[PDB]
Amino acid sequence: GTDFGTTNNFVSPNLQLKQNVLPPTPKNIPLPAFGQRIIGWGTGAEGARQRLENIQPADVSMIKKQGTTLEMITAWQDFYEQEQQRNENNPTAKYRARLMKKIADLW
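For the sequence shown, position 51 (counting from the first letter as 1) is numbered 51 according to the authors' numbering, and the numbering increases by one without interruption.
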């Protein structure tokens, strides 16, 4: 496959000026394995609906065990919450972000 990132670079909350890039991911899996098999969120808006509106206290606790932190449930949230502004027509990001919010509420 071959990929890389910046898993040791952090800043203060003041980055209102970047280009189009995804947030980082844990050194266990890529994006198409950070959610489907983890967050139960399928891949197509509805997946994330099915595990958002009715989440459980277990569905949070598990994600840590797979190599994740509260740090991983802040930037994917705010990223998906950011794209809602530009394109309101995006239910996929809408449910994904909202899923993160609930997971962080149970942390």
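From the three backbone atoms N, C-alpha and C, an ideal C-beta is built for every residue, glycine too.
- Under the three-state reduction of DSSP, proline 30 is assigned to coil, being neither helix nor strand.
- Listed in chain order, the non-local C-beta contacts of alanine 93 below 7 Å within the same chain comprise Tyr80, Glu83, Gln84, local neighbours out to five positions each way being set aside.
- Per DSSP, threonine 2 lies in no alpha helix (DSSP H) segment and is marked neither H nor E.
- Distances from the alpha-carbon of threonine 74 to those of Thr2, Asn90, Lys102 put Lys102 closest.
- Secondary structure at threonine 92: helix, using DSSP grouped into helix, strand and coil.
- Annotated as proximal: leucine 52 and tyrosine 95, with beta-carbon spacing under 8 Å.
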